[PDB]
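J.: I have a structure I would like to understand better, so I am pasting it below and will then ask my questions one at a time.
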Amino acid sequence: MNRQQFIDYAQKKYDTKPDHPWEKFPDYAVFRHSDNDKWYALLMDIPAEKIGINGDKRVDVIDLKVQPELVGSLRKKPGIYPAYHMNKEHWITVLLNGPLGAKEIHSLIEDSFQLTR
């Protein structure tokens, strides 16, 4: 799943419009509820290095909130890394255009959504 397919899925399955809090980073986009304004998804374009993957290349990742007892197990899957720019005990960073399946990603997007309802 890529950057495009992601922002679209959010718009349809949640009717959420992407926000861009950072002026310096036009790409970084957050997804929150209209209720409590709580972020449940953080889309970012970052240097592969910042999350351990090598190669002088950039990557598109999304940060999702999960239950602290699942962070250890999830991070063990391929394509899931430690939370970047977010709290590591509560957040997860999923690599887009990566080995993680869109289905598995959709459910994680749901989990982060309900965890911040």
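Chain labels run A, B, ... following the order of the structure tokens; each chain numbers its residues from 1, and ligands are numbered from 1 in the order shown.
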If you run DSSP on the backbone, which residues of chain A are strand (DSSP E), as a list in words?
T.: residues 29, 30, 31, 32, 39, 40, 41, 42, 43, 44, 45, 46, 47, 58, 59, 60, 61, 62, 63, 64, 65, 80, 81, 82, 91, 92, 93, 94 and 95 of chain A
J.: As an NGL selection string, please: the residues near residue 113 (chain A) (cut-off 12 Å, only C-alpha atoms, same-chain neighbours under 3 positions excluded).
T.: :A and (10 or 13-14 or 16 or 31-34 or 36-42 or 63-67 or 106-110 or 116-117)
J.: Skipping near chain neighbours, those fewer than 4 positions away, what residues fall within 8 Å of region 48-53 of chain A using only C-alpha atoms, listed as a list in words?
T.: residues 57, 58, 59, 81, 82 and 84 of chain A
J.: Kindly give the distance, in Å, that separates CA of residue 22 (chain A) and CA of residue 88 (chain A), rounded to a single decimal.
T.: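 CA of residue 88 (chain A) lies 21.0 Å from CA of residue 22 (chain A).
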J.: Report the distance between CA of residue 61 (chain A) and CA of residue 11 (chain A) in Å, rounded to one decimal place.
T.: 17.6 Å
J.: Mind the document's chain letters and residue numbers, and return as a VMD selection string the residues of chain A that DSSP labels helix (DSSP H, G or I).
T.: chain A and resid 3 to 13 48 to 51 71 to 74 102 to 115
J.: Could you turn the residues from that selection into a file that holds N, CA, C and O atoms, as a short mmCIF file (atom, residue, chain, number, x, y, z; two decimals), in the first residue's frame?
T.:
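Just written: again13.cif:
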```cif
data_model
loop_
_atom_site.label_atom_id
_atom_site.label_comp_id
_atom_site.auth_asym_id
_atom_site.auth_seq_id
_atom_site.Cartn_x
_atom_site.Cartn_y
_atom_site.Cartn_z
N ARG A 3 1.29 5.78 -0.23
CA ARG A 3 0.82 7.05 0.30
C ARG A 3 -0.57 7.42 -0.21
O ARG A 3 -1.44 7.79 0.58
N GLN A 4 -0.77 7.33 -1.52
CA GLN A 4 -2.05 7.66 -2.15
C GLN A 4 -3.20 6.78 -1.67
O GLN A 4 -4.19 7.27 -1.16
N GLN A 5 -3.06 5.47 -1.86
CA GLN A 5 -4.09 4.51 -1.47
C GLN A 5 -4.48 4.64 -0.01
O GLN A 5 -5.62 4.35 0.37
N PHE A 6 -3.52 5.05 0.81
CA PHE A 6 -3.75 5.23 2.23
C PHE A 6 -4.65 6.42 2.52
O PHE A 6 -5.70 6.24 3.12
N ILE A 7 -4.27 7.62 2.09
CA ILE A 7 -5.10 8.80 2.37
C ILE A 7 -6.52 8.62 1.82
O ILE A 7 -7.48 9.19 2.34
N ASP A 8 -6.64 7.82 0.77
CA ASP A 8 -7.95 7.57 0.17
C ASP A 8 -8.74 6.64 1.08
O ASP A 8 -9.91 6.91 1.38
N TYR A 9 -8.13 5.56 1.54
CA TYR A 9 -8.85 4.65 2.41
C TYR A 9 -9.40 5.37 3.64
O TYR A 9 -10.52 5.11 4.06
N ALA A 10 -8.61 6.28 4.21
CA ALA A 10 -9.03 7.03 5.39
C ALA A 10 -10.23 7.91 5.11
O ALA A 10 -11.14 8.01 5.93
N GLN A 11 -10.22 8.56 3.94
CA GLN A 11 -11.30 9.45 3.52
C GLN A 11 -12.62 8.70 3.36
O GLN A 11 -13.69 9.21 3.71
N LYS A 12 -12.55 7.47 2.85
CA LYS A 12 -13.76 6.68 2.65
C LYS A 12 -14.21 5.93 3.90
O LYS A 12 -15.35 6.06 4.31
N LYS A 13 -13.31 5.15 4.49
CA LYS A 13 -13.65 4.37 5.68
C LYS A 13 -13.85 5.17 6.94
O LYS A 13 -14.36 4.64 7.92
N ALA A 48 15.14 6.69 4.92
CA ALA A 48 15.16 5.30 5.32
C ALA A 48 15.98 5.06 6.59
O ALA A 48 15.55 4.31 7.48
N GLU A 49 17.13 5.71 6.68
CA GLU A 49 18.05 5.57 7.83
C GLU A 49 17.39 5.79 9.21
O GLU A 49 17.61 5.00 10.12
N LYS A 50 16.59 6.85 9.35
CA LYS A 50 15.88 7.17 10.60
C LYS A 50 15.14 5.98 11.27
O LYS A 50 14.82 6.05 12.47
N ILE A 51 14.84 4.92 10.52
CA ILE A 51 14.18 3.74 11.12
C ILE A 51 14.94 2.45 10.88
O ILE A 51 14.35 1.36 10.80
N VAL A 71 2.98 -4.00 21.12
CA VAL A 71 4.10 -3.33 20.46
C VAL A 71 5.30 -4.25 20.26
O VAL A 71 5.96 -4.21 19.22
N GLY A 72 5.58 -5.07 21.27
CA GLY A 72 6.70 -5.99 21.19
C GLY A 72 6.54 -7.02 20.09
O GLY A 72 7.48 -7.25 19.32
N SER A 73 5.36 -7.64 20.01
CA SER A 73 5.05 -8.66 19.00
C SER A 73 4.90 -8.11 17.58
O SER A 73 5.39 -8.69 16.61
N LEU A 74 4.21 -6.98 17.45
CA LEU A 74 4.03 -6.36 16.14
C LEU A 74 5.38 -6.00 15.55
O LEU A 74 5.68 -6.37 14.42
N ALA A 102 -2.02 -4.87 2.92
CA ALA A 102 -3.07 -3.85 3.03
C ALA A 102 -4.15 -4.32 4.00
O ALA A 102 -4.66 -3.52 4.79
N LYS A 103 -4.50 -5.61 3.97
CA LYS A 103 -5.54 -6.09 4.90
C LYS A 103 -5.08 -5.91 6.34
O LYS A 103 -5.80 -5.32 7.15
N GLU A 104 -3.88 -6.42 6.64
CA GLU A 104 -3.30 -6.31 7.99
C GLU A 104 -3.16 -4.83 8.37
O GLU A 104 -3.34 -4.46 9.53
N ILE A 105 -2.84 -3.99 7.39
CA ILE A 105 -2.72 -2.57 7.64
C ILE A 105 -4.10 -1.96 7.94
O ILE A 105 -4.22 -1.15 8.85
N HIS A 106 -5.13 -2.34 7.18
CA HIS A 106 -6.47 -1.78 7.41
C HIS A 106 -6.95 -2.04 8.82
O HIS A 106 -7.58 -1.16 9.43
N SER A 107 -6.68 -3.23 9.34
CA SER A 107 -7.10 -3.59 10.68
C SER A 107 -6.34 -2.75 11.71
O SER A 107 -6.93 -2.29 12.70
N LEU A 108 -5.04 -2.55 11.48
CA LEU A 108 -4.20 -1.74 12.38
C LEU A 108 -4.71 -0.29 12.37
O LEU A 108 -4.78 0.36 13.43
N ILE A 109 -5.08 0.20 11.19
CA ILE A 109 -5.64 1.55 11.05
C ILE A 109 -6.92 1.60 11.91
O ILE A 109 -7.21 2.62 12.54
N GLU A 110 -7.70 0.51 11.92
CA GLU A 110 -8.93 0.43 12.70
C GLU A 110 -8.62 0.42 14.20
O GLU A 110 -9.23 1.15 14.97
N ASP A 111 -7.67 -0.41 14.59
CA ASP A 111 -7.28 -0.50 15.98
C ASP A 111 -6.85 0.86 16.54
O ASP A 111 -7.25 1.23 17.64
N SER A 112 -6.04 1.60 15.78
CA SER A 112 -5.56 2.93 16.20
C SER A 112 -6.74 3.90 16.29
O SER A 112 -6.77 4.77 17.15
N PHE A 113 -7.71 3.72 15.39
CA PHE A 113 -8.91 4.57 15.35
C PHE A 113 -9.74 4.36 16.63
O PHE A 113 -10.09 5.33 17.30
N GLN A 114 -10.05 3.10 16.95
CA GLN A 114 -10.82 2.76 18.14
C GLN A 114 -10.09 3.06 19.44
O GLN A 114 -10.72 3.33 20.45
N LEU A 115 -8.77 2.98 19.41
CA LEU A 115 -7.95 3.23 20.60
C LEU A 115 -7.94 4.71 20.96
O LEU A 115 -7.57 5.09 22.07
#
```
J.: Within 9 Å of residue 79 (chain A), counting only C-alpha atoms, which residues qualify if same-chain residues fewer than 2 places away don't, as a compact mmCIF listing (two decimals) with N, CA, C and O atoms, in the first residue's frame?
T.:
```txt
# COMPACT_ATOMS: atom_id res chain seq x y z
N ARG A 75 6.21 -5.28 16.31
CA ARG A 75 7.54 -4.86 15.86
C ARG A 75 8.40 -5.99 15.32
O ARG A 75 9.38 -5.74 14.63
N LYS A 76 8.02 -7.22 15.64
CA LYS A 76 8.74 -8.41 15.20
C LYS A 76 8.37 -8.77 13.76
O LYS A 76 9.09 -9.49 13.08
N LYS A 77 7.22 -8.26 13.31
CA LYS A 77 6.82 -8.54 11.94
C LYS A 77 7.67 -7.73 10.99
O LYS A 77 8.29 -6.73 11.37
N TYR A 81 8.23 -1.21 12.32
CA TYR A 81 9.40 -0.75 13.06
C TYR A 81 8.95 0.02 14.30
O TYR A 81 7.76 0.24 14.50
N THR A 93 5.35 2.13 13.81
CA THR A 93 5.60 2.78 12.53
C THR A 93 5.52 1.70 11.45
O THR A 93 6.33 0.78 11.45
N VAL A 94 4.55 1.81 10.56
CA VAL A 94 4.40 0.82 9.49
C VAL A 94 4.95 1.39 8.19
O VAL A 94 4.61 2.50 7.78
N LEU A 95 5.80 0.61 7.55
CA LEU A 95 6.41 1.04 6.31
C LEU A 95 5.48 0.81 5.11
O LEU A 95 5.08 -0.32 4.85
N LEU A 96 5.13 1.91 4.41
CA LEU A 96 4.27 1.85 3.23
C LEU A 96 5.10 1.44 2.03
O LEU A 96 6.29 1.74 1.97
N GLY A 98 5.61 -1.42 1.50
CA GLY A 98 6.40 -2.44 2.17
C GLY A 98 5.77 -3.82 2.21
O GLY A 98 4.72 -4.05 1.62
N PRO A 99 6.40 -4.78 2.91
CA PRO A 99 5.92 -6.16 3.05
C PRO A 99 4.62 -6.39 3.81
O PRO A 99 4.05 -7.49 3.78
N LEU A 100 4.15 -5.37 4.52
CA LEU A 100 2.93 -5.52 5.31
C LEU A 100 1.71 -5.46 4.38
O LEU A 100 1.62 -4.59 3.51
```
J.: Smallest atom-to-atom distance to residue 60 (chain A): which of A:26, A:1, A:90, A:101, using only C-alpha atoms?
T.: A:1
J.: To one decimal in Å, tell me the separation between CA of residue 78 (chain A) and CA of residue 97 (chain A).
T.: 12.3 Å
